[PDB]
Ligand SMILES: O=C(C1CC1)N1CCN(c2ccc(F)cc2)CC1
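Only one chain comes next, encoded as structure tokens, the form solved without the ligand.
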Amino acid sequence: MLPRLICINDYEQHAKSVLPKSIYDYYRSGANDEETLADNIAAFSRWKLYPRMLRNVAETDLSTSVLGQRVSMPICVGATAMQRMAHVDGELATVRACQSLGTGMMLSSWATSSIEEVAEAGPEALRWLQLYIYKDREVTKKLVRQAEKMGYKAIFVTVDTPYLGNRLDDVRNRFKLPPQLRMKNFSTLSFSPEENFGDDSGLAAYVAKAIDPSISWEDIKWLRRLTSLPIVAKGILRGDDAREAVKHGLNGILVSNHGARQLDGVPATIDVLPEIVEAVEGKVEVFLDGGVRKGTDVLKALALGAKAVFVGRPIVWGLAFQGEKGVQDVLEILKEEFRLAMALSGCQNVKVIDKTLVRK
């Protein structure tokens, strides 16, 4: 046949058909027995919608803002590493699609494109940097300074990866970068497949060499002093940690279990979102990622108090289909599904999406 891909799941199925197994598995995988991976999706199904009828939904407006910057929809691209494994244009394709859509891209720290290259490809795109605190704080500071210089509008500091999760397929497949690719923002720090990264997942060994497992809230204080950019804590799952992030002067929480790729057996993000929204008392924006595949997922997250959601894997499946055009397709599908879900539930804009729309 000819691909007729009409929902995000179709893009995944296409991706599985065209990508090398090792690459598909790297993108697909969760940690260990993948309990949380299943739950990120199943949990959305347990939250039921209570639509209002007869509200006038002729002129649905999906626009909102993220950390003070306007976006066309509350659906943004989350950090996924090494996008050139899915399509030759990788992160440059992604940022161009975001520019077209009027939404934001969170650039991953082990991107196969540089901070500068991505800014050059998407100068008008809303762009943020996802950061790890590397053992080498000079590396870390340089990334932040480059993000500042190159027009990025926030730092998302990932806090759930002091070590890499155990993704069994990567170990089985002995996963590594294809030989032509590198992490472009750093030989060892660039994750060269030529370097010695052990006999298991090359990625886990790389993380153990690069990322600082000793970081504490003291290092958050350091990062807060380092930059005036908005900072979002990415990977928070507890209310008490969320309150600590507010106390440290951070500007947002991304409720995330890292796409279920870190600690397996944590709750679904949609299930912990209410706890986190309650804990921060409106003091910072709260975002969600993990398991967003459909317009109704977006609606449910916003009903429970998220400002916006991020999508990880769907973007990679877009790339695998057709680079920039494929990412645009995936974002347009999510946009249209969200528009329809809003309209059928009686919501003419995002400001009227309330907690009475959902019940578990």
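All residue numbers are counted from 1 along the displayed sequence. Basically, rigid core = biggest C-alpha set you can superpose within 1.5 Å across the two forms.
Of the two segments 76-84 and 202-210, the one whose CA positions lie farther from the displayed form in 8 other deposited structures of this protein, once all are superposed on the rigid core, is 202-210.
In the record comparison, residue 191 is unmodelled in at least a third of the other entries of this protein that model the residues flanking it. Missing deposited residues between residue 186 and residue 187: 1 to 3, all without coordinates in the entry.
Note on 63-71 vs 31-39: mean CA B-factor is higher in 63-71. The mean Cα B-factor in the deposited entry runs higher for 246-254 than for the other of 246-254 and 261-269. Highest C-alpha temperature factor among 345, 13, 22, 348 per the entry: 22. For the set 117, 240, 160, 285, the PDB entry assigns the largest Cα B-factor to 117. Compared with the other modelled residues of the chain, the Cα B-factor recorded for residue 192 ranks in the highest third. Looking at the C-alpha B-factors along this chain, the one for residue 278 belongs to the middle third. When the modelled residues of the chain are ordered by their C-alpha B factor, residue 221 lands in the highest third. Among the modelled residues of the chain, residue 8 sits in the lowest third by CA temperature factor in this PDB entry. Among the modelled residues of its chain, residue 140 has a C-alpha B-factor that falls in the highest third according to the deposited record.
The same protein also has a form solved in complex with the ligand, omitted here; what follows describes it.
Judged by the 2.4 Å clash test against backbone and C-beta atoms, the pocket of this chain is blocked once the ligand is superposed from its pose in the entry with it bound, as three or more ligand atoms violate the cut-off. The contact with the ligand in the entry with it bound, taken as any heavy atom within 4.5 Å, belongs to 209 out of 283, 238, 209, 145.
Interface residue among 219, 275, 136, 120, judged by heavy atoms within 4.5 Å of the ligand in the entry with it bound: 136. Taking the partner from elsewhere, residue 183 is found to have a heavy atom lying within 4.5 Å of the ligand in the entry with it bound.
Partner contacts here mean any heavy atom within 4.5 Å of the ligand in the entry with it bound, and among 127-135, 67-75, 275-283, 97-105 they occur only in 127-135.
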